[PDB]
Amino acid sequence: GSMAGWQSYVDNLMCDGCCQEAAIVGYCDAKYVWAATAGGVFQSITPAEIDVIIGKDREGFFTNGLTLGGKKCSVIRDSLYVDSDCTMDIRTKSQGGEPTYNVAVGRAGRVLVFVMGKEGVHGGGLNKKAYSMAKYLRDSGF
């Protein structure tokens, strides 16, 4: 695996149709953004934010929301540590009154996949995409 490689990979999502941004984000010994699509909020994800995503407390975020690149979000459901699934579904908060966007997270062995839907893109299909990407990346050693 290569970093120009990782940029190409995440850039695929901007040809997909589903999505307005994507990122690959390490969560173990390289806990930072590996690659993110240009001009989004995911490029700004921090270690503190990653810690919340992967954290042991998997209920507090239902009351308090969480941020991603400092953007406020709500957690819709969490199966990140359910071995057959390894996803979470998130929604950005607005505004007042701007559009909201759905976010799917998939967890591989050492990286996280984040994708953000375009306007009106439902969470289900995003979830499947993140699930599939996670699996593919696991298969590749990540």
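All residue numbers are counted from 1 along the displayed sequence.
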**Prompt:** Can you tell me which stretch has the higher mean Cα B-factor, 60-68 or 90-98?
**Reply:** 90-98
**Segment of higher mean CA temperature factor, 27-35 or 108-116** = 27-35
**Request:** Among all modelled residues of this chain, ranked by Cα B factor, put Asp51 in the bottom, middle or top third, i.e. lowest, middle or highest.
**Result:** middle
**Request:** Name the third of the chain's ranked CA B-factors that contains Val103, choosing lowest, middle or highest.
**Result:** lowest
**Message:** For the chain shown, is the CA B-factor of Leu80 in the lowest, middle or highest third of its modelled residues?
**Reply:** middle
**Request:** Report the third (lowest, middle or highest) to which the CA temperature factor of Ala22 belongs, ranking only the modelled residues of the same chain.
**Result:** lowest
**Message:** Taking only the Cα B-factors deposited for this chain, tell me whether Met133 sits in the lowest, middle or highest third.
**Reply:** middle
